[PDB]
């Protein structure tokens, strides 16, 4: 409907209707929910919610199904005075019912299209079940794998995260201005604004601190990218940003988000984060929490009652302008309007059961393909992999049969529909003997059984990993290791003298030196999702060729953290020259390098890259165009991820030794050759200076071209002269 009628609606609302519009509740707080209705009475009572609140609430979070949505919207619209429908929002993080790999795994694909397709399918299914908005993408830069939420991020690189964040928004939303017409797409909500992944000691919800320059340089760029790509909502972070909880941080949300980033959509709090500013010690009570959060521009309070119980009195007493309330309501109404809810409050569902669009075979094939793009081959000594389909396999370990392969943040998918490693393996390999072990134990009985199976077969697929519950939100591990019984199992298996592949399932970087050294191959599957078993079986048989690269460094040990490729040089770098000398930047007990670096992964193919002649000089403002010719020189078809880095050798700020500025995943048949070309704009050479200005300075840059952050060729370009 027309903008004018949207405006009119706001004019017509009472003050109480306006306040309620800024409240979001679980489905079972509303009349006509078809699930958990026994909870309704007591919680309404605990939260001191009346019908006058629930009949005017702005939004539903976490509806269980189309029929939950429909019953709630129907009952709600019966009693709503002006007919403003509810907006329904959900956590669709890496799939709805067809579960794709965890976002950290998606990061490892280095494949924009893989990520878009993931998001497209997620929206196809989520819309089919009544959801209008997804709390995705999560764009928090991560350097600390102790934090359970690394699984939701695409990793340690701001550029990769930006690029995949855009892909995700494009997949969920399609053309953002046609969300009223395209009812299989949904609104995206960027999260968590901002810097949440810098949680101190990887402890959930803990303190975040960094200089403002760093915040701009590395922590804000992906949120910005996704916002500039049309992301419709943004969500607050639980953490302080420089001393002030993000939810009430006016500078952060008014000056930066709404001001500099020109975001004009709904700002939703993370769960309870409006009330939680009290806990943080920056509000004395719910009245202050409400006032400060409204001041900061938060439109929608998620499952707490500060606004609902406090705004009226604040406005009447002149401590808050009703104008700020009107701006929030308008933002909420426009989102509803963008989603087409004023013409159709059931968003396509009403005469049209879309059950059939959920968990199709086509969709499953897409999740499988994503899993195969995303896995990372870390070790393959003497071409153990791929296995011949006649290979006789001992399949041992906690991940041999565990159905827990869908990943954390899997709110709607069901393990009943997943494919476990055994089932997947038996579809490919004729001879499989299985010995399941527990996640945290290794008994003498297990050892006996494991030895019998290994003696019978030719190769060992040792399937290890994490329960998903050991990560995700409030899954913080102080030590980034598997249960010790699993490292023991790997030691034991190695003594039986048969070749061993370790297939590892997990949500975070782990200490894997001991695994790499106890096995001949190591394949990192992360949590691939619904098709986990077949993803595993196709990579192992070579039906698919591993092509993933690490989007986050794998530390030598927990104590090395944070370790990350785009690090500063220091005043005393360790060189190949000065190595062994005491007075340089080093540890006494480990190397400086992570165990596996950013951009690293193996293939069953072999590849050859050559960069075309580059200019020696460039003007300021001028682009560098990089041409790379890549050949597959093997008999095996595969993909390689070409990566281009830039270094700023000397600057007014100490700059990282490398930064990713372009990448493209290239498919080549055996002997096939291609040429890809990259443009590094003058923005790629620029950075934030000590006055917070975004600047390009003349001087030397290095350009690195290759297939990891460490396997590269290096060129020099001197920028100076005049400005384009």
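Positions refer to the first chain, counted from 1.
If you average the C-alpha B-factors over 24 to 32 and over 658 to 666, the higher value belongs to 24 to 32. Relative to one another, 568 to 576 and 80 to 88 have unequal mean CA B-factors, and 80 to 88 is the one with the higher figure.
Among 615, 243, 407, 599, the highest C-alpha B-factor recorded in the PDB entry belongs to 615. Reading the B-factor column for the CA atoms of 191, 254, 389, 112 in the entry, the top value corresponds to 389.
Sort the modelled residues of the chain by CA B factor and residue 177 lands in the highest third. Among the modelled residues of its chain, residue 678 has a C-alpha B-factor that falls in the highest third according to the deposited record. Ranked by C-alpha B-factor against the other modelled residues of its chain, residue 520 falls in the middle third. In this PDB entry, residue 634 carries a Cα temperature factor that places it within the highest third of its chain's modelled residues. When the modelled residues of the chain are ordered by their C-alpha B factor, residue 492 lands in the middle third.
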